[PDB]
């Protein structure tokens, strides 16, 4: 809990290790104080995978959903608490939901307006990707190479390129673990 907790998953240190899908989900959560079902699952199971405990997850999700009076804690408890507890087996279900790999993520229904699940390398325009990658300090040649992979439908190669270019078989939690090791 010292390293990964409801607070540190918002830190720059820990979030600098997130792949683009998780960054997108965290941004949608921060902006909207809510995520629709598929994004809730993609992000909550990723965070479980990096070691966010059940207690810290319930702190994280209830704080994020109730921010700015978006909903009362009563509403969170009546409409969402069970769903997050279920993801951690706290209601006795005896199914240990695993984090989604990239194939599972890509195989879910493609995101529409208001959805943040999926894979940005597939789901964003080249203009939106280039803007994000510029913000991550990549150069034009680097971005062209990433977009080359996206154009070919090779989304996990695009993501691997972004990893290589921002640092010194396909799974968001592997991206996180590899990146986190390079801080350590």
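Numbering follows the first chain given and starts at 1.
Going from residue 168 to residue 169, you skip over 10 or more residues of the deposited sequence that the entry leaves unmodelled.
In this entry, 89-97 has the higher mean Cα B-factor, the comparison being between 89-97 and 75-83. When the two stretches 131-139 and 58-66 are set side by side, the higher mean Cα temperature factor goes to 131-139.
Note on 42, 32, 125, 156: the highest value goes to 125, judged by CA B factor as recorded. In the deposited entry, the Cα temperature factor of residue 7 sits in the bottom third of values across the chain's modelled residues.
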